[PDB]
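Peer 1: Mapped onto the numbering used here, the consecutive letters of the sequence shown carry residue numbers 122 to 385.
Positions of the beta carbon are idealized from the N, C-alpha and C atoms, including for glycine.
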Amino acid sequence: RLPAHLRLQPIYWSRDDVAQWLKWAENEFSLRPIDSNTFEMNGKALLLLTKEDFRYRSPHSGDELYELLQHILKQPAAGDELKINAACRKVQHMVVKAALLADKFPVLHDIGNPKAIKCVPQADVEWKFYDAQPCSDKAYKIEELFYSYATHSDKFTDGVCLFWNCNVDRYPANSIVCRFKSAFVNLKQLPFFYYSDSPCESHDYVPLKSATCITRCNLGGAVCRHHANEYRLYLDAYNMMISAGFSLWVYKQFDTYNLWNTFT
Ligand SMILES: CCN(C[C@H]1O[C@@H](n2cc(C#Cc3cccnc3)c3c(N)ncnc32)[C@H](O)[C@@H]1O)S(=O)(=O)c1ccc(OC)c(C#N)c1
Ligand SMILES: [Zn+2]
Numbered sequence: 122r123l124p125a126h127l128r129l130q131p132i133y134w135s136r137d138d139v140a141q142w143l144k145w146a147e148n149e150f151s152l153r154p155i156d157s158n159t160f161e162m163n164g165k166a167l168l169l170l171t172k173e174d175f176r177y178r179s180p181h182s183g184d185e186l187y188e189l190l191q192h193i194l195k196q197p198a199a200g201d202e203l204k205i206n207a208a209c210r211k212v213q214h215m216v217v218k219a220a221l222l223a224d225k226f227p228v229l230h231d232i233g234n235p236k237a238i239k240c241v242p243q244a245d246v247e248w249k250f251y252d253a254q255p256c257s258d259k260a261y262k263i264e265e266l267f268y269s270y271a272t273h274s275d276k277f278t279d280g281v282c283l284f285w286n287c288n289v290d291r292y293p294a295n296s297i298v299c300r301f302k303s304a305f306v307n308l309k310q311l312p313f314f315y316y317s318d319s320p321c322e323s324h325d326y327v328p329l330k331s332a333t334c335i336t337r338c339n340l341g342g343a344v345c346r347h348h349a350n351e352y353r354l355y356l357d358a359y360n361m362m363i364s365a366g367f368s369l370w371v372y373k374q375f376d377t378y379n380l381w382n383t384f385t
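And the structure:
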């Protein structure tokens, strides 16, 4: 049992998440009321305290809270499927949009897409679809193809390849990948970043200091309120996807400085 605002692993919890954890546990287990600032820290810090630190901070429920956390760690909550679908779509659009802008691939080979739907429909690129089992109502614009590196490593060399949850034996070097370690040898892990080219708007909040917020307003280090809100929503989606066991990989020459250069 857990609120839908706590289903992520405690490592990703914010300081506000911890306070909600305390209030939820206060009601679920009929514990003595506890001040929210008793555990004024985020999740990664809360996981470093000892059971004794819990007892000192909360004499009346410290031991109980500690054991509750250990069960949450031993049996993690399952995320909502629709929420995870939305998160995955947001990440897919962000990453593929950025790669196309950064490196201006003339062609995208979407391998494992059975519905012929572009995740970045506005991009200036030739979009091609392949799938081993295309949907009957979209097969007329999908190449029926089971990708295997040993068979196709000399194909799809122009442009970039997208494998979104298409768990092939081994990815080509020019690929963008989401997968739920030998398969990735031609690639590198994709570090987190947020990119936006939408216009800034002034009406901040808690000021956002982050080198990974790639926005025009961040060139000067002062992120506008709109992009700060977008960044935080995107990070929540990214974390939800990472917590659910997905990992992102990319062609080795992917470079975020190419994204910064789009603002000049
Ligand atoms: C649209 C995404 N899907 C996958 C799509 O890729 C097609 N496909 C699969 C492939 C495979 C494989 C393989 C190779 C070695 C060993 N064993 C399996 C292959 C392929 N070689 N070439 C083209 N096309 C493919 C498939 O027809 C489908 O359309 S999925 O199945 O909905 C899905 C969703 C979420 C997931 O995880 C959260 C997972 C997982 N895991 C899968
Ligand atoms: Zn902005």
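Which residues mark the beginning and the end of the beta strand (DSSP E) in which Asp231 is found?
Peer 2: The count along the sequence shown starts at 1 and reaches residue 231 at position 110. Taken as a continuous stretch (DSSP letters only), the beta strand (DSSP E) holding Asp231 covers 228-232.
Peer 1: Suppose you measure from the CA of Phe284 to the CA of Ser151; what does that come to, to the nearest Å?
Peer 2: Mapped onto the sequence shown, residue 284 falls at position 163. Mapped onto the sequence shown, residue 151 falls at position 30. Distance between the alpha carbons of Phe284 and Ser151: 49 Å.
Peer 1: Quick one: what's got a C-beta closer than 7 Å to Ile232's C-beta in the same chain, skipping five residues either side?
Peer 2: The count along the sequence shown starts at 1 and reaches residue 232 at position 111. Contacts found: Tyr251, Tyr268, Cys282, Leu283, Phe284, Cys287.
Peer 1: Taking 8 Å as the limit between beta carbons, can you name the residues of its chain near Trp381, skipping five residues before and five after?
Peer 2: Reading the sequence shown from its first residue, position 260 is the one you call residue 381. Around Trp381: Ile335, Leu340.
Peer 1: Can you give, in chain order, each stretch of the alpha helix (DSSP H) that sits fully within the stretch 254-297 and has at least 4 residues?
Peer 2: 270-273
Peer 1: Tell me whether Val298 is buried or exposed, calling it buried when 16 or more other Cβ atoms sit within 10 Å of its Cβ.
Peer 2: In the sequence shown, counting from the first residue as 1, residue 298 sits at position 177. Flag for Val298 reads buried.
Peer 1: May I have the straight-line CA-CA distance separating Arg353 from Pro131, to the nearest angstrom?
Peer 2: Counting from one through the sequence shown, the residue named residue 353 turns up at place 232. Counting from one through the sequence shown, the residue named residue 131 turns up at place 10. Using only the alpha carbons, I get a separation of about 18 Å.
Peer 1: Using a strict less-than 5 Å threshold between each residue's beta carbon and the heavy atoms of ligand 2, what residues do you get?
Peer 2: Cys321, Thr336, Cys338, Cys345, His348
Peer 1: So, does the CB of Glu247 fall closer than 8 Å to a CB anywhere in chain D?
Peer 2: Judged by its chain identifiers, the structure shown contains no chain D, having just a single protein chain.
Peer 1: Which ranges does the beta strand (DSSP E) cover as unbroken runs of at least 3 residues, wholly within the stretch 137-172, from first to last along the chain?
Peer 2: Within the stretch 137-172, no complete beta strand (DSSP E) run reaches 3 residues.
Peer 1: Within the chosen definition, does the stretch 255-264 reach the stretch 184-196 through at least 3 CB pairs nearer than 8 Å?
Peer 2: no
Peer 1: Measure the CB-CB distance between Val228 and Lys249 and report whether it falls below 8 Å.
Peer 2: Position 107 of the sequence shown holds residue 228. Position 128 of the sequence shown holds residue 249. A contact, by the Cβ cut-off of 8 Å.
Peer 1: Using the beta-carbon count (16 or more within 10 Å), is residue 386 buried or exposed?
Peer 2: Coverage of the chain is limited to positions 122 through 385, which leaves residue 386 absent and any answer about it impossible.
Peer 1: In the DSSP output, what is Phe250 paired with across the bridge?
Peer 2: Within the sequence shown, the letter at position 129 stands for residue 250. Paired residue(s): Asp231.
Peer 1: With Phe313 and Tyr372 assumed to form a contact (beta carbons below 8 Å), what rounded beta-carbon distance in angstroms separates them?
Peer 2: For the purposes of this step, residue 313 is taken as residue 192 along the sequence shown, with counting starting at 1. For the purposes of this step, residue 372 is taken as residue 251 along the sequence shown, with counting starting at 1. No, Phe313 and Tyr372 are not in contact; Cβ-Cβ is about 17 Å, not under 8 Å.
Peer 1: Just to confirm my understanding: we take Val212, look at its own chain, exclude 5 residues before and 5 after, and list those with CB closer than 7 Å. What are they?
Peer 2: By 1-based counting over the sequence shown, the position of residue 212 is 91. Hits under 7 Å: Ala358, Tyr359, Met362.
Peer 1: Along the chain, where does the beta strand (DSSP E) that runs through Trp370 open and close?
Peer 2: Locating residue 370 in the sequence shown gives position 249, where the first residue counts as 1. Unbroken beta strand (DSSP E) run through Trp370: 368-372.
Peer 1: Let's test the definition: count the other Cβ atoms within 10 Å of the Cβ of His192 and tell me whether it reaches 16, buried, or not, exposed.
Peer 2: Start at 1 with the first residue of the sequence shown, and residue 192 comes out as number 71. So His192 counts as exposed.
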